[PDB]
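Protein chains in written order, with the entry's author numbering: chain M, 1 to 491; chain O, 1 to 192; chain K, 1 to 80; chain h, 123 to 182; chain d, 1 to 75; chain N, 1 to 347, 365 to 523. Contents: one structure, followed by commentary.
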Amino acid sequence: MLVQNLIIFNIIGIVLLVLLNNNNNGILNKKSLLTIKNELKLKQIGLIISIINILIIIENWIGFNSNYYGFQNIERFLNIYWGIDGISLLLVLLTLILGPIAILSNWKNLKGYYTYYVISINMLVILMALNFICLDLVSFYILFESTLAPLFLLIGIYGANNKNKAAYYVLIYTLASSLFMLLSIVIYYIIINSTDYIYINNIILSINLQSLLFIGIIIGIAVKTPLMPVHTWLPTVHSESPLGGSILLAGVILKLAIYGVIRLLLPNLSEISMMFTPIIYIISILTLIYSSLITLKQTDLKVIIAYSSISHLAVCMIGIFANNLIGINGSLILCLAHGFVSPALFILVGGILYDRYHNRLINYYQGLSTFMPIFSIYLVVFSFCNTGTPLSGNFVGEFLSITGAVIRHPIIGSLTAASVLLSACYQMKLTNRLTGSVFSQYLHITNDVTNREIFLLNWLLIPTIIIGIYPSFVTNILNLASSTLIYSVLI
Amino acid sequence: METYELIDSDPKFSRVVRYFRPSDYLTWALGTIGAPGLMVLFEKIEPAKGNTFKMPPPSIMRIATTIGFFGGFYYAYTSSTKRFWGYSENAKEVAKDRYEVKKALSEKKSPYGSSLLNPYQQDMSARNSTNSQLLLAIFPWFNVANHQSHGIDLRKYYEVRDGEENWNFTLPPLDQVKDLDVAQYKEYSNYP
Amino acid sequence: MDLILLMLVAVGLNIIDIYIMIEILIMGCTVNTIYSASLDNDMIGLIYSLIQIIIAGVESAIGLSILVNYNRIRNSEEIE
Amino acid sequence: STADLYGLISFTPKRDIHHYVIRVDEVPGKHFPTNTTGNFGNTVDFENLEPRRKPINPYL
Amino acid sequence: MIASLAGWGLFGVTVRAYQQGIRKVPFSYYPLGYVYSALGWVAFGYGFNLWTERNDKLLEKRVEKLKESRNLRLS
Amino acid sequence: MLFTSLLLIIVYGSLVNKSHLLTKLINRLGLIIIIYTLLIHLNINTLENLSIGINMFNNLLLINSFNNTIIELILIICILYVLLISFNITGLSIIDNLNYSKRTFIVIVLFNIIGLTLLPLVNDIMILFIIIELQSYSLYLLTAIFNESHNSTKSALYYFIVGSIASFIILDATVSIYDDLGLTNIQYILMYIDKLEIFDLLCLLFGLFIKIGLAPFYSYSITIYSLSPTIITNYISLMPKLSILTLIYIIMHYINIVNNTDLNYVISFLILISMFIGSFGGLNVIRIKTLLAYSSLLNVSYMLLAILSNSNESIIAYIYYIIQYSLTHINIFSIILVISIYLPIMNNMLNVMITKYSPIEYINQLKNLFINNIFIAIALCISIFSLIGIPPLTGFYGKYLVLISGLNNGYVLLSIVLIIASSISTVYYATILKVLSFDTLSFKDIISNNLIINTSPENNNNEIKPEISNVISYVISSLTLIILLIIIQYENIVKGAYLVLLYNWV
Ligand SMILES: CCCCCCCCCCCCCCCCCC(=O)OC[C@H](COP(=O)(O)OCCN)OC(=O)CCCCCCCCCCCCCCCCC
Ligand SMILES: CCCCCCCCCCCC(=O)OC[C@H](COP(=O)(O)OCC[N+](C)(C)C)OC(=O)CCCCCCCCCCC
Ligand SMILES: CCCCCCCCCCCC(=O)OC[C@H](COP(=O)(O)OCC[N+](C)(C)C)OC(=O)CCCCCCCCCCC
Ligand SMILES: CCCCCCCCCCCC(=O)OC[C@H](COP(=O)(O)OCC[N+](C)(C)C)OC(=O)CCCCCCCCCCC
């Protein structure tokens, strides 16, 4: 019911917006009536469609059993089996909640073609949401790569000055790396004749073949989180992509890599994952430490936030490769907490400052608290969330991820605690400068945060603190789903 | 596969046309008028010149009717051929085939007919024409010879089936039937 | 001497000289067919040889017409 | 079932110089245009020809 | 079978509707074009369903032989 | 039907007077002939009956269910191509009159269709040589149909010379085999498959590789496709590959009987080089047809990996890939022919000269297509994304099915190289999309009355005048939606490819 309704309804929504806005192309040269107020009616229809998608997952959430082991809502549609568990359910809801936020963040800061942008946003959201409910490797890859087509055009049309560089980077870094993941999927379909999740989870392959399959998949996953040294696409893509593209990229697209570990590595390549964990920890720890020190020297506001996202997703990778429930739950909570804080920091840095001054150079901004006090409150509040200050979901995710690493590997997992210091070094260096000293001589006094931008900031802050104070809303759903990923034989 | 009884692995041209069903003639007419009709439809779909409908000239309709006439016959020829091959339902054609062969056998005449061709040319002609209908859409080739390579055993005509008792055909042995291989090489083994 | 492509020096420096090389190369195939067919006392090889000769003559005419029209295109002003 | 069905269809049985498919239905040389009886080296008896290898139709 | 042919006709409606955008005409221009397009793909859809129904019958017959072939191998 | 109707059309064309309308109506008669040919062929040839393989015409030809599918594909694609010369592509006489000025255009196509369909059926070395000449000669005559064009004639000269060298190589290979065995029929030669020199068949494949533009012989095809008129380049770049690749598959099916791994290595060397040239070759080019020539070289390398592996998974891969690639090839060239109507007109640096044969010659002539026609621009984006291999488009399943067959046979290197080749070629595929759309916002509010389309008049100023003709628009709409929505019927289509057998049986 879920997948069938989520696809059929959105196709009707896509066709409806095309029919209304393209009925007058034929040398009418008219003035229409939907083109008024920057295509307000067409924007409103797409905004409504995004909210309705959140209602569809809710109807299937009411019947979700947290005390059932296995996939639920098992459905067949387009010759593909679709199912949900505790892990998938939360990631689907996170993906769909950000849909309205992506549209509303670009409500009035596009030069034109609002119908195209709204369709692409709703198209990106559904394809990413469907990626959490597929039940085979090939369906995972189809949805993993289908987002590249709209994302490539979204950046190149609505992007910043270096959009051409950013569009090529996202298309080539992600497509080339995922084709290595396709090689591993083809091998599974050749030797086992199926790519079904449950079917492949029960098969033990030779330790040499598991190594080759792990490397193929990890290449696709490592580029998309991203990890060092294949991370160089992300800062360029984030600084040039539109605000809605940055929100979806920083809120959902990066979380597909962690879900890739949960599906494509842990239950099917269990023996070889234990072998690779020290290598994963070394790569991730250096990803965390290097990205934090590199973030210090950055001079672009939207690139600083982009490098901040890489540091925290290294911690998510460390937690998910811990072989205990504490690390796995911590990595998942950190994924959800990051899914709200990171888009909020892009709205503050690339959606409020950029929409007023159209410059992302750090040297132009200081003392903003004198004439933008409301902006400074949200900037300061989200900065402490971004560094894992307690009472925030980020801390609960970070503390359990660090604890899970220590339990997994006491010696090298202890280096993960540098996230506490290093994240505060670069994040509070930027915030201390935007809110420090006299109001900048290079800026003219203008409006403070508007009602729309207050609304976006409030509804990204609220879930972060609710999860931070009472994470059992999330841990109860994840408890039985996460316990299946642990591999150990104690005697 | 819904296979049927094999009647003739290489039916003669005259037999294929004679065994046309009334639908085969109907499709022959449809092909003949389907070609001028498609020229009208293509003009209706999109006029050749400008934006208004114009009937194609009579000379185009003349050559179109000829093209459709040949196309209609080729379709009907392949429709009737499948019944001989057993690919298509051929219950009516089996009853008609059995009557004609038994009638000719009782007259001590070849069911295939006498040929101007020597033994080599009858064999060669069958090699050239057998299964040639599979490429009748590309280029034509027909069995217009009285050869004996038809993929059937004439002994199956010596058992009376349901609905054949009233025919009262007295069939002689195969060595008395004129112009058959089993009754031809009497004095020499390399000359008929 | 063949492996260093000595035949590339024996071909003349006109487009028509390439045509002659093609005819000679194909004629080598037919001589090999006639030689094998005669030794085997096989008429199927000689039928093949006859087919090669007729077909090789067809492409000689088709190629010549292309070269004929190519030369006409250059002499196109034709103010006379 | 889907995994089982693909395993049957995608399996390629081995071919070597001892087993493969040759599409020849009859022995040649029963008749020649002239001089069918040559050096009497044709030792194949077409009156008592053993049954040929009929091809397999998987859909039958 | 109506449900299958209903979708094929709806595919034909989409084909015509997409064509109107290519030619830059209102989607209400010449409404008979949707009826023509819908029937043309119902006809293709009906032939397509016969093709797939035939394929499943042929596949079963071939699979039976393939299973016997595999049983001999697994020994 | 083809042969009979060709003779009537040959005579009829020479009888009536010469006018553009009459040639256009004669082209429509050619459309009816191919349709009747398809209906007659479908009425008599069925996959279930031809599975065994049936000999025709004294065993000179051999049709099976693998050959039959390609014949129907050739007829279907030839139907789509004739719609280009039988209907208006743009609607403006200065561009469309070219397709109606040659009365022998349809005659040559019918000549070549006969050669295309018979070539996969060849069962004798004598008829293999005859048919490969029949197909080649018609291609030369089609390349030179516009004999008043300097580039068209120059291409036909290059085509004739290179294709004659390949034919001699093909003839030389068959003569060597006849010399070894004294036999001409393929099935008779199969009885001695273990004793003839198998590399005598590699020489036969080498001549076939030249005719499909494989590396290192890729240079002439890239040159010819760029110099020929866009209507000619559409046909000659696709049609020879449908038949020759099918014949190569059948030849490689016989070669795999003896399992000569040295022969497998030489072919793998040619595939490896062609991937490198196909991907890196297109990176620095400015012509769209030169870019598509390298795309053709790259997609042929992908199919040849499936042909080289030559297993049960290879039949499904090759059959599906060739069908979906033909439709993508047809769709792209249809759009390129249409979108010449949006070309700006002067009223200058680099002295760029554009001719009537190829109005769209450079990649940057596709600029602002997202503004001029959004539906067509999206249709072109969908096709280009399919060539890239973006799921769930048809091009994704083509690469997926090719990889399955290649990796199942142990071709680890070629599977990795093609996936690297796919990433490299994505750079120049994306450049098309960058030209189409990336400057939309910085150019949306501009006054463009200098287009070719603006030269057309208006009927009444109260009617609605479609900007693109009916037939060409419906074909682009149909093919684009098939490419986009193949996920709906992918399971049923791939089950059909399971039934296409090449002496599998059991
Ligand atoms: C800037 C953004 C704006 C938002 C900022 C403020 C965010 C809202 C603050 C609250 C956060 C939401 C978390 C509370 C939601 C309710 C959680 C809950 O369900 O409590 C259940 C608890 C035990 O559950 P049970 O025994 O099973 O009985 C209930 C059966 N349904 O049953 C109970 O006993 C309920 C007890 C609830 C106590 C009140 C909780 C409010 C927070 C105060 C405590 C916070 C922790 C103390 C921290 C102080 C600083 C160290
Ligand atoms: C969930 C599966 C959905 C699949 C269908 C995709 C949408 C089809 C759109 C066709 C109609 C059209 O081209 O219409 C154009 C519309 C709206 O443009 P507009 O602003 O009104 O145009 C301007 C007109 N003015 C000037 C009058 C205002 O653009 C879209 O819709 C864009 C969506 C597709 C972008 C991504 C392409 C990726 C291709 C490969 C995908 C894997
Ligand atoms: C401007 C618009 C932008 C895009 C909007 C998208 C609209 C989508 C409309 C879909 C209509 C629908 O529902 O079609 C559904 C119908 C009926 O399916 P069925 O027979 O029961 O098969 C069961 C389907 N399974 C297997 C999923 C259960 O099948 C069709 O017609 C198929 C669509 C044609 C796709 C092309 C491939 C097939 C041709 C083969 C040639 C090689
Ligand atoms: C048995 C099932 C099929 C039945 C119908 C098929 C033939 C239809 C011909 C009707 C006449 C006609 O096409 O008339 C021409 C019309 C209108 O053209 P327009 O662009 O609006 O020109 C403007 C016309 N004014 C000026 C008069 C307003 O074109 C159409 O409507 C195009 C629809 C074509 C459908 C093609 C279906 C292809 C399916 C392919 C599957 C593989």
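In this text, a Cβ means the ideal position worked out from N, Cα and C, and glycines have one as well.
Contact with chain M by residue i, beta-carbon distance below 8 Å
i, result
"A514(N)", "no"
"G160(h)", "no"
Alpha-carbon to alpha-carbon, residue j and residue i
i, j, result
"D462(N)", "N389(N)", "12 Å"
"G159(M)", "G412(N)", "28 Å"
"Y30(d)", "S123(h)", "49 Å"
"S178(M)", "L72(d)", "40 Å"
"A344(M)", "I218(M)", "29 Å"
"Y100(N)", "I401(N)", "30 Å"
"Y18(d)", "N25(M)", "13 Å"
"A405(M)", "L153(M)", "39 Å"
"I95(N)", "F53(O)", "22 Å"
"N90(O)", "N5(M)", "50 Å"
Own chain partners of residue i with C-beta closer than 6 Å, once the 5 adjacent residues on each side are dropped
i, result
"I4(K)", "none"
"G244(M)", "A102, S105, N106 and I121"
"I267(N)", "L308"
"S309(M)", "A250 and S342"
Nonlocal neighbours in the same chain, by C-beta distance under 8 Å from residue i, ignoring five residues either side
i, result
"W107(M)", "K43 and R452"
"residue 492(M)", "The requested residue 492(M) does not occur in the structure, where chain M is confined to residues 1 to 491."
"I221(M)", "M181, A257, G260, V261, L264 and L265"
Residues near residue i by beta carbon distance below 7 Å, same chain, minus five either side
i, result
"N193(M)", "none"
"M126(N)", "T184"
"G216(M)", "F180, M181, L183 and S184"
"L434(M)", "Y365, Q366, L368 and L379"
Residue i at chain d interface by Cβ criterion, 8 Å
i, result
"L291(N)", "no"
"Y128(h)", "no"
"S454(N)", "no"
Residue-level contact to chain h via CB, residue i, 8 Å cutoff
i, result
"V13(d)", "no"
"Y281(M)", "no"
Cutoff 8 Å: residue i Cβ touching any chain N Cβ
i, result
"residue 195(O)", "No answer is possible for residue 195(O): the residues shown for chain O start at 1 and end at 192."
"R23(d)", "yes"
"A35(O)", "yes"
"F133(h)", "yes"
So which residues touch the region around ligand 1, with touch meaning a C-beta under 6 Å from any heavy atom? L461(M), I462(M), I465(M), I466(M), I469(M) and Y470(M)
With a threshold of 8 Å, are at least 3 pairs of Cβ atoms found where one atom belongs to the stretch 131-143 of chain O and the other to the stretch 478-491 of chain M? no
Answer yes if the stretch 254-262 of chain N comes into contact with the stretch 381-397 of chain N, meaning at least three C-beta pairs across the two stretches below 8 Å, and no otherwise. no
For the 8 Å Cβ check, are there 3 or more pairs between the stretch 101-121 of chain N and the stretch 58-66 of chain N? yes
Is the number of C-beta pairs between the stretch 164-179 of chain h and the stretch 274-284 of chain N that are closer than 8 Å three or more? no
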